[PDB]
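Atoms within each ligand, like the ligands themselves, are counted from 1 in listed order. Heavy-atom basis, side chains included; hydrogens, waters and symmetry copies ignored. Along the sequence shown, residues are numbered consecutively beginning with 1.
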Amino acid sequence: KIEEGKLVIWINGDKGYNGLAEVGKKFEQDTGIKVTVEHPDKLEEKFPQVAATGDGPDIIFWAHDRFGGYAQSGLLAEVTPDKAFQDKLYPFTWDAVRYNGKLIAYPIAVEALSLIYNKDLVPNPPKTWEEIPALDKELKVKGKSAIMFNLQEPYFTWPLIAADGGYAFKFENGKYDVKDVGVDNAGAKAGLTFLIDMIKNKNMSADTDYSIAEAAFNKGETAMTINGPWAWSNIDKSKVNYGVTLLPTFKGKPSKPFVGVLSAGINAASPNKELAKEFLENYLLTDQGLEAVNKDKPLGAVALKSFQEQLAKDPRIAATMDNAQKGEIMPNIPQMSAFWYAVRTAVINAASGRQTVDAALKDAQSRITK
Ligand SMILES: C[C@H]1O[C@H](O[C@H]2[C@H](O)[C@@H](O)[C@@H](O[C@H]3[C@H](O)[C@@H](O)[C@@H](O)O[C@@H]3CO)O[C@@H]2CO)[C@H](O)[C@@H](O)[C@@H]1N[C@H]1C=C(CO)[C@@H](O)[C@H](O)[C@H]1O
């Protein structure tokens with residue numbers, strides 16, 4: 001059972017959890033209520049397990065794509081911001097957290113992947129994916145590579161798979177059609193084939209993950225990476241002079257990152273729903289609260305208009321929004337789970353050579369539309 005008279009918060013380990021705990025400390029100073037911030041391994045998989053028995057945190061942070069599944073399962077409370085509070089955030093961010101007519105979380109930040117480049121290694125970043133192999137060939141002479149990014153999580157490869165026509169679920173007749181999936185169309189295959197060709201030509205390695213890519217970029221070993229705003233503060237601390245820019249085009253079309261809205265949901269089993277609302281509305285979603293988290297690990301563009309206005313001038317934030325505008329906001333529908341897990345398997349199998357691109361994506365399409 002969840003303890004009454006305290007708040008327990010779960011947030012992903014790549015986010016500014018120490019900054020969030022500082023907001024928790026302010027809450028405690030004011031109200032005497034203890035806030036415990038945790039970053040469990042695989043929290044987004046553990047949550048539906050424990051919440052189903054009336055357990056888990058009072059508040060869970062994730063991108064909104066997970067939240068439709070949680071709400072469908074009865075695991076999230078309807079949030080009750082008044083009109084004046086809703087007016088403080090951008091309308092589209094509330095749309096991301098609306099499920100079957102109900103608001104089921106508070107939006108916090110708007111995340112998109114960008115191309116991150118070392119200004120000293122590549123003063124003029126490549127406008128196209130197609131030119132990157134030639135760039136790699138020149139950099140290899142100096143024992144450097146053109147690009148490294150996480151090939152284990154489909155989030156990072158999706159912008160290239162989507163570029164030429166890949167999609168998750170078609171929005172038709174005012175809703176996502178769960179039987180109209182675009183993972184094995186010609187566009188999707190063209191994008192994944194390009195990635196695989198990069199691997200075959202030794203521009204990248206199939207085993208590259210978040211840690212490997214991050215270490216290589218931040219140590220000046222690779223010229224470019226693909227990452228989101230949470231990554232910037234580690235690069236700030238590194239010796240690398242980096243820029244954040246538009247993702248490269250593929251076949252003349254923009255890369256299309258899936259846009260996530262970092263959101264805070266209240267456990268339907270929480271005996272602390274009022275405290276959660278007070279914390280989220282009156283502590284976190286303030287200039288001071290967001291600043292605390294943002295100083296720890298950057299949130300990106302934020303949902304809170306007053307604070308976003310202060311961030312807007314930063315070229316990294318401009319680049320984030322430019323990439324977001326080329327991409328699409330993720331569905332929050334339950335079937336996003338089927339989609340992501342199936343795509344994950346497809347990318348890993350194709351990259352490793354266990355399957356061809358065509359066979360991997362066809363199997364993903366069959367799995368998702370079951
Ligand atoms: C396979 C994976 O799918 C789902 O994960 C997706 C997230 O739900 C999306 O929000 C997005 O995550 C990115 C965040 O939005 C962003 O803020 C940053 O944290 O980077 C994230 C990407 O690393 O994209 C994800 C897809 O890449 C689903 O929620 C998640 O549970 C699934 N991952 C699990 C699956 C396996 C395989 O059995 C395990 O290896 C993993 O440890 C699990 O986490």
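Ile266 and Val97 fall within the same hydrophobic cluster, where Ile, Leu, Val, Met, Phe, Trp and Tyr residues are linked whenever their side-chain heavy atoms come under 4.5 Å apart, directly or through other members. Each of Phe61 and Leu75 belongs to its own hydrophobic cluster when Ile, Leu, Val, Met, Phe, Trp and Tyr are linked at side-chain heavy-atom distances under 4.5 angstrom.
Nearest approach of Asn332 to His64, heavy atoms of both residues: CB-O, 3.4 Å. Closest non-hydrogen pair, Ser114 versus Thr245, comes out as CB-O, 3.5 Å.
Close contacts between ligand 1 and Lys42 involve ligand atoms 39 (C), 42 (O) [criterion: under 4.0 Å to a heavy atom]. For ligand 1, the atoms sitting less than 4.0 Å from at least one non-hydrogen atom of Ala63 are 10 (O), 15 (O), numbered in the order shown with element in parentheses. Heavy-atom contacts of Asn12 reach the following atoms of ligand 1: 19 (O) (cutoff under 4.0 Å).
At least one heavy atom of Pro154 sits less than 4.0 Å from an atom of ligand 1. For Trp62, the closest heavy-atom approach to ligand 1 falls below 4.0 Å.
Among protein heavy atoms, the minimum distance from atom 8 (O) of ligand 1 is reached at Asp65 OD2, 2.7 Å. For atom 1 (C) of ligand 1, the nearest non-hydrogen atom of the protein is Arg344 CD, 3.7 Å. For atom 18 (C) of ligand 1, the nearest protein heavy atom (residue, atom name, distance) is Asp14 OD2, 3.4 Å.
Of the candidates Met336, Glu153, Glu111, the one placing a heavy atom closest to atom 2 (C) of ligand 1 is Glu153. When the options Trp340, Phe258, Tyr155, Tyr341 are ranked by their closest heavy atom to atom 21 (C) of ligand 1, first place goes to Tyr155. Of all the listed residues (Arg66, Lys15, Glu44), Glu44 holds the heavy atom that lies closest to atom 33 (N) of ligand 1.
One finds a salt bridge joining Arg316 and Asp314 here, because a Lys/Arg side-chain nitrogen approaches an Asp/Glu carboxylate oxygen to under 4.0 Å.
Of the heavy atoms in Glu45, only side-chain atoms (C-beta onward) come closer than 4.0 Å to ligand 1. Under 4.0 Å from ligand 1, the heavy atoms of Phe156 that appear belong solely to its side chain.
Residue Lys137 qualifies as open at atom NZ: its count of foreign heavy atoms under 6.0 Å is 12 or below. Counting non-hydrogen atoms of neighbouring residues, nucleotides and ligands closer than 6.0 angstrom, the CD atom of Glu38 exceeds 12 such neighbours.
We find the CZ-CD distance between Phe85 and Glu281 to be 4.5 Å, quoted to the nearest 0.5 Å.
Judged purely by distance below 3.5 Å, without hydrogens or angles, the side chains of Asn227 and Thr225 never pair a donor atom with an acceptor atom.
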